[PDB]
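Presented as structure tokens, the chain that follows is alone, the form deposited in one PDB entry.
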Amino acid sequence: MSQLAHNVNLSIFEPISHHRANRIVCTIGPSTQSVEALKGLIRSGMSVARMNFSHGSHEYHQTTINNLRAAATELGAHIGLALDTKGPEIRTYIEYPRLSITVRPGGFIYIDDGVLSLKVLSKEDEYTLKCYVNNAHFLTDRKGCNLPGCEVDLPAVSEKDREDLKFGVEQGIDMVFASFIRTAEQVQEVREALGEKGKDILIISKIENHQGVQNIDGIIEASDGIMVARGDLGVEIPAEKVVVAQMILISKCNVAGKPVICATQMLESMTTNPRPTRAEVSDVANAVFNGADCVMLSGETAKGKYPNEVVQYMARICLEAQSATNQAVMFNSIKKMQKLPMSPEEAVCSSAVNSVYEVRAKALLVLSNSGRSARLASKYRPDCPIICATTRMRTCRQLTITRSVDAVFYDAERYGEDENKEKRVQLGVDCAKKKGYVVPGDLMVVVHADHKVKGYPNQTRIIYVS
């Protein structure tokens, strides 16, 4: 079916799957830092907690880290913990050494979330310029600002940035959202600051400016994932262009099989209102239609007054979108963008998803220790939940950004090695049952290795749940 024919035949009043495939990121703040509120977030459907290191002492974030782990352990929940960097930020005389030998007479310097426009006339000396206020406004201390024109000469990883990432490694974060990534080598610089000790931590590059967009191929190649950081992006490039940026980045990550997060103002009005606007409901649903793994929440939960409800909405919208998607068409078009010949693992994951569609399997079970194979299954967009039986707790938590996945922990030190995969496969099936995805009689597709092969999955299996 074409998109057109598909749309014409959508049911609207028949009920839907309740197994929500997409993942919701939440930013923690005053509204949501208490343990009790973190529990509400988890219950309401958060999978990842975002610490925004553009604000607050190491000590402030320590509280977040503590309260979360308290909430998550209490509820038995796996929750990605993410550290979002300050980056080469610019706040306010304004904080930017090379400001004058960097910005042209004629260009633009927007301030305070893009609201205040200013045009440059000439250079006064080595410090500042004299400019032209294009619309009136009032202007707090310490407000963020963009230089759409010039490419900024601040470092990808500042000194504060080293101290933050170091603190992050020490607290065992699961992933990094690196603000303002412009190139592949900047990604490499984040990788370095993390060092040997932080080498198993996911870097999600935030694309926030012109150059990030231009270098997307390279950044994707070097990162574990992308965030479409639309706040800054919408100020750095014309507002309407962001729509195209979002489509490009989401689809390229989809082809690359790397998680991608859509961010910023998705349900903005819910910062203060019980109900979202019509535009906002549609934004969330369309980020899912674009192929986004994750949709994110910022102000809405950091400092909003409806943090449970806003997440509940987000979850409800994702479910609806998910059910209005022709998922087999997604699977297929992704398959078609892959080079032949595939590696054996990739052909296996691709083919397992094929089987899922062929037998209408109710669950897909994959053994992954690093998450590689989980992400490789999810890359192919099956219409069912992916159970991942994993030996690492870090993997459970990192897999919270990947569409469709519920991770289950096999404690190998306690229960044995499981060379023949039987204990892990059993653990996965029980998980699928416990969660209501399957019952005896249903078909499952299972992915792992045969007896000989080590270091990747090379086998698919179709089994009947007992």
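One rule holds for the numbers: they count along the sequence shown, beginning at 1. The term rigid core refers to the maximal set of C-alpha atoms that superpose within 1.5 Å between the two forms.
The following text describes the form deposited in another entry, which does not appear among the structures shown.
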item: Residue among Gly144, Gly299, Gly291, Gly257 with C-alpha shift of 2 Å or more between this form and the one not shown, core superposed; value: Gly144
item: Core-aligned C-alpha movement of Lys130 between this form and the one not shown, 2 Å or more; value: yes
item: Core fit, then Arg98 C-alpha moves 2 Å or more between this form and the one not shown; value: yes
item: Core-aligned C-alpha movement of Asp200 between this form and the one not shown, 2 Å or more; value: no
item: Residue pair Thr140, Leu297 - Cα distance in that other deposited form, closer or farther (3 Å or more); value: farther
